Amino acid sequence: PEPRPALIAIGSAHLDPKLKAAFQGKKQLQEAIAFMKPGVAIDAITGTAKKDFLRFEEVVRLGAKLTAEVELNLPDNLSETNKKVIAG
RNA sequence: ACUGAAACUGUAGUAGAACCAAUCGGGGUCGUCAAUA
């Protein structure tokens, strides 16, 4: 059988357009949405921070509400029961 | 003379080891005070 495409198109999730409009021009705030999280491996013997395993990861602040546009290109003959299966 | 499809930048990793908020100190004890006329 030929490979089936998806019925569902899912966009990227972006911040609310008014919130992104507020960030325009504010490079300092644009960086401030994220902060450094440290990570370090500990030596299982000596119990000490294993140097050059010290690590900083950028993480984005919790509370973000992001939204993606979804398109369901369902088959036009699809049974109403099968619609409920997909929705389910 | 006709949009490829489909695919999680994820997986493992303790911001930690070491460092005394501490050193010294009797809750004690005796000579005046004042400057003019």
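The analysis underlying the following values was restricted to heavy atoms, covering all of them including side chains, and did not include hydrogens, waters or symmetry mates. Below, chain A is the first sequence line, B the second, and so on; all start at residue 1.
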Would you kindly confirm whether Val70(A) and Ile86(A) end up in one hydrophobic cluster when ILVMFWY residues are joined by side chain heavy atoms under 4.5 Å apart?
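Hydrophobic grouping puts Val70(A) with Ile86(A).
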Six-ring stack, [N] vs [M], 5.5 Å / 30 deg cutoffs:
N      : M      : result
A21(B) : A22(B) : no
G13(B) : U14(B) : no
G28(B) : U29(B) : yes

Can you tell me if [N] puckers north or south, using the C1'-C2'-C3'-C4' torsion sign?
N      : result
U14(B) : south
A12(B) : north
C30(B) : south
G10(B) : north
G26(B) : south

When rounded to the nearest 0.5 Å, the distance separating CG of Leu78(A) from CG of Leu72(A) is 10.0 Å
In B/S/- notation (B base, S sugar-phosphate only, - none; protein heavy atoms under 4.0 Å), nucleotides 9-20 of chain B written 5' to 3' is ----BBBBS---
Chi-angle category of [N] [syn within 90° of 0, anti beyond]:
N      : answer
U32(B) : syn
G13(B) : anti
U14(B) : syn
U9(B)  : syn

Requested in this report: Provide the full list of salt bridge (charged side-chain N to carboxylate O under 4.0 Å, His left out) pairs with a residue in residues 67-85 of chain A, sequence neighbours left out, each pair given once.
Outcome: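 Listed once each, the pairs are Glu80(A)-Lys83(A).
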Residue pairs meeting salt bridge (charged side-chain N to carboxylate O under 4.0 Å, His left out), one or both in residues 21-40 of chain A, sequence neighbours left out, come to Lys27(A)-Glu31(A)
query: With rounding to whole Å, what would you report as the distance between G31(B) and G27(B) at their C1' atoms?
result: 22 Å
Note: contacts of residues 63-78 of chain A with RNA chain B (heavy atom, under 4.0 Å) are none
Note, RNA chain B 5' to 3' with Watson-Crick or G-U pairs under 3.5 Å encoded as ( ), [ ], | and . gives .....................................
What are the two closest non-hydrogen atoms of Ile10(A) and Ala68(A), and how far apart are they?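 Closest approach of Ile10(A) to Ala68(A), heavy atoms only: CG2-CB, 4.4 Å.
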Q) Can you name the closest pair of heavy atoms from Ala13(A) and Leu66(A) and give their distance? A)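 Closest approach of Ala13(A) to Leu66(A), heavy atoms only: O-CD2, 3.3 Å.
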- At under 4.0 Å between heavy atoms, what does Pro5(A) touch on the DNA or RNA strands: base, sugar-phosphate, or nothing?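 Here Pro5(A) touches the backbone only, sparing every base.
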Could you list the donor-acceptor pairs under 3.5 angstrom formed by side chains in residues 45-65 of chain A, with sequence neighbours left out?
unit_1, atom_1, unit_2, atom_2, d
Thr46(A), OG1, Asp43(A), OD2, 2.6
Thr46(A), OG1, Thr48(A), OG1, 2.9
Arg55(A), NH1, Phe53(A), O, 3.2
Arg61(A), NE, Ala32(A), O, 2.7
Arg61(A), NH2, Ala32(A), O, 3.3

